[PDB]
Structure formats: structure tokens, C-alpha cells
Amino acid sequence: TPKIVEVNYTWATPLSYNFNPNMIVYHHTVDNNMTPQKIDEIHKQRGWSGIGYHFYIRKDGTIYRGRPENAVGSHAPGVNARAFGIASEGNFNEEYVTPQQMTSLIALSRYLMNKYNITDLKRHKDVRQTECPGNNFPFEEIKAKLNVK
Ligand SMILES: [Zn+2]
């Protein structure tokens, strides 16, 4: 089972648990050097309860929990009730996922896919107009390693 680091959050507004995931959406953070706590602060400024992603993967491969696994997130308006959101630290218009981020992306994705019977993997740019998760985000390689077509 991948190592998920639990984080102490204080949620500003009520979380909804009317969450029925059938999709994983991949994100980049654009900004580097952010703790999950810093993301949570920014997401609170934007009027969300707190960190909008269900998971945040830092450059050294550490997987932090964001939103509770059974709560609706704030990462992709229009699919939030049906999508896990997985963020990777970086701006992948300008750099590449680290090998440790790739290892964690595959492990976390397969965990969620098996646990929830999910086969639908999407980039944020596949569901909304955005450059996220960045030009160099290795989407086709992730799908290939997970045997998704
Ligand atoms: Zn995004």
C-alpha cells in the first residue's frame, strides 16, 4: 500500500462527502517549494475549505494527504464530485517529474484504481481549459505503466 503522510488540517467550510469517484485527474502546482499546509492556505484564500487535491506528491516522492479520501475536493470544477485530484510539485511546462514523483504517481494511482474500480485517467487540461499539468507531465508513460488505453 503506498505510504500516505497524514496532515493535520483545519477545514474552513463544511466538507461534502457526496463523492463518488470514477476518475483520477492529474495536476501540477506551478509553484515549487510548497508544503501541503501552504497549498491549504492558498486554497482557503480562494474560498475553498482547504487544500483541494486529495493527494500532493512532492519532488522527493513524499505523498501527502489533502482532502479526505471520501470527501469532494476543489481541484477540477465540473468533475469534483466524481474525480480524485492528484497534484505533483512543479511546473511541468519547464521541468520534468522526478523519478521519485513517477514512482509515487504509479503506486498511488494503482492503489486508487484498484480500491475504487477506476479506469479513467485524465489530465486537468482534458476536463477544463488550462495548461495544467504542464507540457512535460508524463501522462502517456503513466497510462502505459498502469496498462490503461
Ligand atoms: Zn490543475
# chains A, B, ... in the order shown; residues from 1 in each chain; ligands from 1

call {"tool": "select_by_dssp", "arguments": {"residues": "chain A", "states": "strand (DSSP E)", "output": "PyMOL selection string"}}
result
chain A and resi 4-5+23-28+55-57+63-65+83-88+121-123

call {"tool": "write_last_selection", "arguments": {"atoms": "C-alpha atoms", "output": "PDB file, in the first residue's frame"}}
result
ATOM      1  CA  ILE A   4       0.472   8.356   2.563  1.00  0.00           C
ATOM      2  CA  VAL A   5       1.544  11.060   5.030  1.00  0.00           C
ATOM      3  CA  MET A  23     -11.922   9.339 -12.430  1.00  0.00           C
ATOM      4  CA  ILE A  24      -8.390  10.446 -11.456  1.00  0.00           C
ATOM      5  CA  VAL A  25      -7.292  13.915 -12.550  1.00  0.00           C
ATOM      6  CA  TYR A  26      -3.597  14.884 -12.587  1.00  0.00           C
ATOM      7  CA  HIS A  27      -2.400  18.404 -11.651  1.00  0.00           C
ATOM      8  CA  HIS A  28       0.801  20.363 -11.273  1.00  0.00           C
ATOM      9  CA  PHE A  55      -3.054  13.921  -2.655  1.00  0.00           C
ATOM     10  CA  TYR A  56       0.042  16.080  -3.135  1.00  0.00           C
ATOM     11  CA  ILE A  57       3.319  14.451  -4.291  1.00  0.00           C
ATOM     12  CA  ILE A  63       2.717  11.593  -0.820  1.00  0.00           C
ATOM     13  CA  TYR A  64       0.745  13.920   1.461  1.00  0.00           C
ATOM     14  CA  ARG A  65      -2.950  13.517   2.019  1.00  0.00           C
ATOM     15  CA  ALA A  83     -12.727  12.807  -9.506  1.00  0.00           C
ATOM     16  CA  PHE A  84      -9.733  12.250  -7.252  1.00  0.00           C
ATOM     17  CA  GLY A  85      -7.250  15.077  -7.693  1.00  0.00           C
ATOM     18  CA  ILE A  86      -3.526  14.213  -7.526  1.00  0.00           C
ATOM     19  CA  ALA A  87      -1.102  17.184  -7.583  1.00  0.00           C
ATOM     20  CA  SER A  88       2.656  16.947  -8.282  1.00  0.00           C
ATOM     21  CA  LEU A 121      -7.267   8.776 -16.021  1.00  0.00           C
ATOM     22  CA  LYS A 122      -7.330  12.398 -17.149  1.00  0.00           C
ATOM     23  CA  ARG A 123      -5.147  15.468 -17.128  1.00  0.00           C
TER      24      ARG A 123
END

call {"tool": "residues_around", "arguments": {"residues": "residue 141 in chain A", "least_positions_apart": "5", "cutoff": "10 Å", "atoms": "only C-alpha atoms", "output": "list in words"}}
result
residues 102, 106, 146 and 147 of chain A

call {"tool": "write_last_selection", "arguments": {"atoms": "C-alpha atoms", "output": "compact mmCIF listing (two decimals), in the first residue's frame"}}
result
# COMPACT_ATOMS: atom_id res chain seq x y z
CA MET A 102 6.91 8.98 -11.04
CA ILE A 106 2.21 4.95 -10.35
CA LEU A 146 -0.76 1.29 -15.47
CA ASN A 147 -1.95 -0.62 -18.64

call {"tool": "closest_residue", "arguments": {"among": "A:135, A:13, A:70, A:18", "to": "residue 44 in chain A", "atoms": "only C-alpha atoms"}}
result
A:13

call {"tool": "atom_distance", "arguments": {"atom1": "CA of residue 34 in chain A", "atom2": "CA of residue 97 in chain A"}}
result
15.5 Å

call {"tool": "residues_around", "arguments": {"residues": "residue 100 in chain A", "least_positions_apart": "3", "cutoff": "7 Å", "atoms": "only C-alpha atoms", "output": "number ranges by chain"}}
result
A: 59-61, 103-104

call {"tool": "closest_residue", "arguments": {"among": "A:40, A:120, A:69, A:95", "to": "residue 138 in chain A", "atoms": "only C-alpha atoms"}}
result
A:95

call {"tool": "atom_distance", "arguments": {"atom1": "CA of residue 82 in chain A", "atom2": "CA of residue 68 in chain A"}}
result
13.9 Å

call {"tool": "closest_residue", "arguments": {"among": "A:127, A:148, A:12, A:113", "to": "ligand 1", "atoms": "only C-alpha atoms and all ligand atoms"}}
result
A:127

call {"tool": "closest_residue", "arguments": {"among": "A:78, A:133, A:66, A:2", "to": "ligand 1", "atoms": "only C-alpha atoms and all ligand atoms"}}
result
A:133

call {"tool": "closest_residue", "arguments": {"among": "A:45, A:114, A:16, A:91", "to": "ligand 1", "atoms": "only C-alpha atoms and all ligand atoms"}}
result
A:91

call {"tool": "closest_residue", "arguments": {"among": "A:110, A:75, A:67, A:115", "to": "ligand 1", "atoms": "only C-alpha atoms and all ligand atoms"}}
result
A:75

call {"tool": "atom_distance", "arguments": {"atom1": "atom 1 (Zn, counted along the ligand's line) of ligand 1", "atom2": "CA of residue 3 in chain A"}}
result
23.0 Å

call {"tool": "select_by_dssp", "arguments": {"residues": "chain A", "states": "alpha helix (DSSP H)", "output": "PyMOL selection string"}}
result
chain A and resi 36-45+99-116+139-146

call {"tool": "residues_around", "arguments": {"residues": "residue 37 in chain A", "least_positions_apart": "3", "cutoff": "9 Å", "atoms": "only C-alpha atoms", "output": "ChimeraX atom specification"}}
result
/A:7-9,34,40-42,51
